[PDB]
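Trainee: give me the fold of what follows.
(2 chains)
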Number of protein chains: 2
Amino acid sequence: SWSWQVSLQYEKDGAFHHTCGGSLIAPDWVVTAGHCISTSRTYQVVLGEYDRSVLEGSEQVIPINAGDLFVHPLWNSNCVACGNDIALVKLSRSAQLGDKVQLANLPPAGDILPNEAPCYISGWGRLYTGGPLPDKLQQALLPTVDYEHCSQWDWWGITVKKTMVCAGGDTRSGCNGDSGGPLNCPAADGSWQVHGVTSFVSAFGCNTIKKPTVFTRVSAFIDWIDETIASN
Amino acid sequence: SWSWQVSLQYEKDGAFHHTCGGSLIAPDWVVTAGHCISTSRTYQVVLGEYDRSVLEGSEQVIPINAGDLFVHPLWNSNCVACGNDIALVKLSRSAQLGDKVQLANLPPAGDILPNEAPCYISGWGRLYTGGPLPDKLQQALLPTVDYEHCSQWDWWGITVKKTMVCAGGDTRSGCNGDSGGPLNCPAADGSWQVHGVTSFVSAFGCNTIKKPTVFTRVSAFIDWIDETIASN
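Mentor: Numbering: from 1, shown residues only, chains lettered A, B, ... in the order given. Dropping the coordinates below:
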């Protein structure tokens, strides 16, 4: 199984630092979390192709123009539970992708996953900070917890909205992913759709019981994604 | 540089699962976070001595007696920002220590760290979930952000109390640590002291700018720690 992995990095102190994952949906578009972007910082995207969990070839490093960052207009970092934690990043040039990997598909607008749906997260378990990409990738099964279950009082209660997906919160943790990292799920036909970008976790961190990682439901923002991509 | 690393684990579905780190402060006492403990669960601690991030020899697995988990009386999981997130775990037998890494020392009661003090976190980055202890330890410098700076409105504001220690919040990520894991600082004498046990992180996770990881300040609870150990 081949994938393209994303690291979004910002410059400080004459070096770039990993801040979020993201999902390469087009050779020059990345979907990530809005919380990942301040348009004041200088950004670059580092890409790396993985066969299974093994890095193949060389990383590609692509600078980003301020204004090629498209944060959702309703995103407000002072209110994570208000949702809308989603952003598009247009690469300043197209990544060179070859043709090993079928890029993750945008899910059908309004698509809601069934309770216990098998989805997966991949990433560097937030241990990658900058520099040469890790030669290995972490991947894990995070079954979804539908709104009805996720909003139980002892789970996320009234904190979650229906524009969010919860996944995990039991024995398996979501610590293998990254901030802004994608939640991928297998379509009927068998493709992979990005169903979520990682938004938030409990105050106690990833892997806390009954507090699944909460993802921005990408299927609730299709309109804005299309309209944004088509305009730029 | 030596250190005894602690994995506190709870039994679920017939196996043990890592839930928190902690610090071995005596041959049969571990300090950790109160949020790590549910008195209804069955626990064991797995200990490993690491030198320069590599496991020395083999792990030790020590069961915890029912009733040998002591949570601070003021710990309320409904109020993380209230503080008091601290607990002691008595080991059913003493760890086998050899004579390489001396134990983590408790700080003097009331001891406050300077702003920017070079402290360290070590752990498995929440990637270790159970089974044989990882051969390698993650360690990172995580400088202290004193209460004056951490309580800034744009940092943690009113959420942090004087009974907590902040560390990080800039380019240096706190993602290498574990829930309940120690913040270890060098003392004037050259010994290492546990000044904190990891309590909470921002909703965005462990590597969030202007949201340093927040530790329970161990030096605020020396009376309770000492009393609990002397009595049990």
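Trainee: how's chain A carved up into domains?
Mentor: Domain assignment of chain A by curated CATH domains yields the ranges A:1-2+A:104-219, A:3-103+A:220-232.
Trainee: and the last one, how far apart are its ends?
Mentor: What that stands for is domain A:3-103+A:220-232. 25 Å (C-alpha to C-alpha, to the nearest Å).
Trainee: gap between that domain and the chain center?
Mentor: How far domain A:3-103+A:220-232 lies from its chain's middle: 9 Å, per C-alpha atoms, centre = their mean, to the nearest Å.
Trainee: repeat for the first one
Mentor: Domain A:1-2+A:104-219 has its average C-alpha position 8 Å from the chain's average C-alpha position, going by C-alpha atoms, centre = their mean.
Trainee: any residue of it touching chain B?
Mentor: Yes. In terms of C-beta under 8 Å from any C-beta of the partner chain, part of domain A:1-2+A:104-219 sits within range of chain B, namely A:125-127, A:129, A:138, A:171-173, A:175-176, A:179, A:199-201, A:203-208. Any C-beta I mention is one placed from the backbone N, CA and C, and that applies to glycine too.
Trainee: what is the burial count for residue A:147?
Mentor: Residues near residue A:147, counting by other C-beta atoms under 10 Å in any protein chain shown, number 18.
Trainee: among the domains of chain A, which is nearest residue B:224?
Mentor: domain A:1-2+A:104-219 (21.3 Å; C-beta to C-beta).
Trainee: what's the span of the closest one, first residue to last?
Mentor: One end of domain A:1-2+A:104-219 to the other measures 24 Å (C-alpha to C-alpha).
Trainee: for stretch A:108-119, same thing?
Mentor: Chord length of stretch A:108-119, first to last residue, is 16 Å (C-alpha to C-alpha).
Trainee: give the contact list for residue A:217.
Mentor: By C-beta atoms under 8 Å, 6 or more residues apart in numbering or on different chains, the contact list for residue A:217 reads A:112, A:162, A:163, A:164, A:165, A:195, A:196.
Trainee: can you list the buried residues in stretch A:217-226?
Mentor: Neighbour-count burial for stretch A:217-226, counted by 16 or more other C-beta atoms under 10 Å in any protein chain shown, picks out A:217, A:218, A:219, A:220, A:221, A:224, A:225.
Trainee: now secondary structure too, for those, in JSON lines please.
Mentor: What follows is the buried residues of stretch A:217-226, written out as JSON lines (DSSP: H, G, I helix; E, B strand; the rest coil):
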{"residue": "A:217", "secondary structure": "strand"}
{"residue": "A:218", "secondary structure": "helix"}
{"residue": "A:219", "secondary structure": "helix"}
{"residue": "A:220", "secondary structure": "helix"}
{"residue": "A:221", "secondary structure": "coil"}
{"residue": "A:224", "secondary structure": "helix"}
{"residue": "A:225", "secondary structure": "helix"}
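Trainee: out of the residues you listed, flag the one nearest to residue A:5.
Mentor: Of these, the one sitting nearest to residue A:5 (C-beta to C-beta) turns out to be residue A:218, at 17.4 Å.
Trainee: show me what contacts that closest one?
Mentor: Counting by C-beta under 8 Å, 6+ apart, residue A:218 makes contact with A:31, A:86, A:106, A:107, A:193, A:194, A:195, A:196, A:197, A:225.
Trainee: which among these end up buried?
Mentor: A:31, A:86, A:106, A:107, A:193, A:194, A:195, A:196, A:197, A:225.
Trainee: turn those into a markdown table, columns for secondary structure.
Mentor: Below are those laid out as a markdown table (three-state DSSP):
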| residue | secondary structure |
| --- | --- |
| A:31 | strand |
| A:86 | coil |
| A:106 | coil |
| A:107 | coil |
| A:193 | strand |
| A:194 | strand |
| A:195 | strand |
| A:196 | strand |
| A:197 | strand |
| A:225 | helix |
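Trainee: out of these, flag the one nearest to residue A:121.
Mentor: residue A:196 (8.7 Å).
Trainee: tell me what that closest one is bridged to.
Mentor: Taking DSSP bridges as the rule, residue A:196 bridges to residue A:183, residue A:217.
Trainee: pretty sure it contacts residue A:182?
Mentor: Yes. Using C-beta atoms under 8 Å, residue A:196 is in contact with residue A:182, at 6.9 Å.
Trainee: I appreciate the help and will end here.
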